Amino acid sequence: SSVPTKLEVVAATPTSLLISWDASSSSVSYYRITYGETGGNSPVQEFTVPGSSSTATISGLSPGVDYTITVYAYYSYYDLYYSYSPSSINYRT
């Protein structure tokens, strides 16, 4: 049952994408955002946003391309982090 909930693209230009999700959790260390072209082992890029954040901008995209966007919620445990049930959506720019 996928976390974070409510992952969506809220605004989009041909090269740019604004996504948001439900960041209700106070224990999330950070959200990890990865994105690549749908299917294709094109390099997935990733960045992270802190656990307090609920939006992020993905830029540098090429028009007419379908991307898969995945958001992992990571939690801390001693000196590691772990994540389960990431959410993903597809979006053709």
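Quick note: we count residues from 1 along the sequence shown, nothing fancier.
Query raised in the report: Looking at the entry, does 13-21 or 70-78 show the higher mean C-alpha B-factor?
Result: Stretch with the higher mean C-alpha B-factor: 13-21.
Query raised in the report: Which wins on mean Cα temperature factor, 49-57 or 35-43?
Result: 35-43 has the higher mean C-alpha B-factor.
Query - B-factor third for the C-alpha atom of residue 5 within its chain - result: Lowest third.
Query raised in the report: Once the chain's modelled residues are ordered by C-alpha B factor and cut into thirds, is residue 29 in the lowest, middle or highest one?
Result: Lowest third - that is where residue 29 ends up once the chain's C-alpha B-factors are sorted.
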